[PDB]
């Protein structure tokens, strides 16, 4: 039946091309948008017409009805708002064609342009009253009904239908753009300078992830898509751009789930002469101010367990708690971790902690992977009422963070979590090139046991460190996850217009 609908509508298009018409007119010159029309004529009175004011209006037909052969009613939508179309034979311009013939061909989904006047129906419904209605672009398929899209992957593979049908989706993506705008303005007002660094590099560094690989033909050179922006931005700090940032895509070649899309939008900034404490305060200020900006309050509700389940309240009122990674793992496990974290005493203790709690064993069982799994199991859901920081990660987990000024073995690192999900990662930057090559060599040793996601050594980066990187504080944001929490979405797929799908 939809197949036959499509065939009949395609036949209509070809028949028009025969009869003479161009069924897709080039240009219709609109005088007012639908939101503007609503704003302007909202206050008309019941049944009042302004028959002398002729307006040119466009939009998409989303409902079709009739009352006899001389009254046609439509819903017309544009820019997320809707007016009524009231087509009365009494106002029809018969010089442009037979009334019935004009309106009988209009179908739900059709894009039209209307020459008419504003008014209210006898029931007070604000309407455009056409004197002529022109098909501008036909909808050749039947659109799904308001609720006939609910569980479908169609929302993600045919996002335009979702945007037409599900009123909330447009609101979600508006909020996403507002969040990004707020962030860009927040940084620009603080003296920060926005740049673009390469998406493709000889080495994909600045995080611990498996990269995408591609090939430039003319240079005959394999290139890696970036997993982070950290290394070139620090190079720009050496260059004297003392407050610098970048908002754009990065790429990680791993699994897809509700909180992972293979390309995702990050913001990283580098702030010369800042440190860990400045970054804690920046995070608290930014998040409290963003939430207040959007919602006029610091507390929001979030359906963590889905729309059909009870929601929780997340309080963004600062300050947020800070939990030190090592000693919280020590309390939770009831164990005490070792002096050198790589010690086979420590490694065995961590493996046996994972086994004593039936936690999945990482492979290879590197000290860093073990600490990470322990953290995700014993800490990352310590709070759901409030965001919170996991801090003071060991140097073993943090090859680019500066060593802690008073806690040997640890670094001045912070990660903010919302509802168990990481949205922020930041630290006092490691800037002694002699310790940095050290960390890179330890990472190469980890790669010598099967650690694929361990970052490769970047020689250009190390040379730049040798020219003097001032003490600096750097921070990264996960934009998509932030948007998920601020739009009440459970899946990253609901905040990305075209998420990566199984084909």
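Numbering follows the first chain given and starts at 1. Basically, rigid core = biggest C-alpha set you can superpose within 1.5 Å across the two forms.
Taking the root mean square of CA deviations in 8 other deposited structures of this protein after fitting on the rigid core, 336 to 344 and 235 to 243 differ, and the farther of the two is 336 to 344. Where the structures in 8 other deposited structures of this protein are fitted on the rigid core, 325 to 333 is the one of 325 to 333 and 211 to 219 whose C-alphas sit farther from the shown form on average. Of the other structures of this protein that model both sides of residue 443, a third or more give it no coordinates. Across the other compared structures of the same protein with both neighbouring residues present, residue 150 lacks coordinates in at least a third.
Stretches 450 to 458 and 28 to 36 differ in mean C-alpha B factor, with the higher average recorded for 450 to 458. The stretch 102 to 110 shows the higher mean C-alpha B-factor when 102 to 110 is compared against 167 to 175 in the entry. Note on 341, 292, 282, 224: the highest value goes to 341, judged by CA B factor as recorded. The PDB entry assigns the greatest CA B-factor among 214, 229, 431, 363 to 363. In the deposited entry, the Cα temperature factor of residue 487 sits in the bottom third of values across the chain's modelled residues.
Per-chain ranking of the deposited C-alpha B factor places residue 130 in the middle third. In the PDB entry, a CA B factor belonging to the highest third of its chain's modelled residues is recorded for residue 437. Annotation for residue 4: CA B-factor lies in the highest third of the chain's modelled residues. Ranked within its chain, residue 263 lands in the lowest third, by CA B factor from the PDB record.
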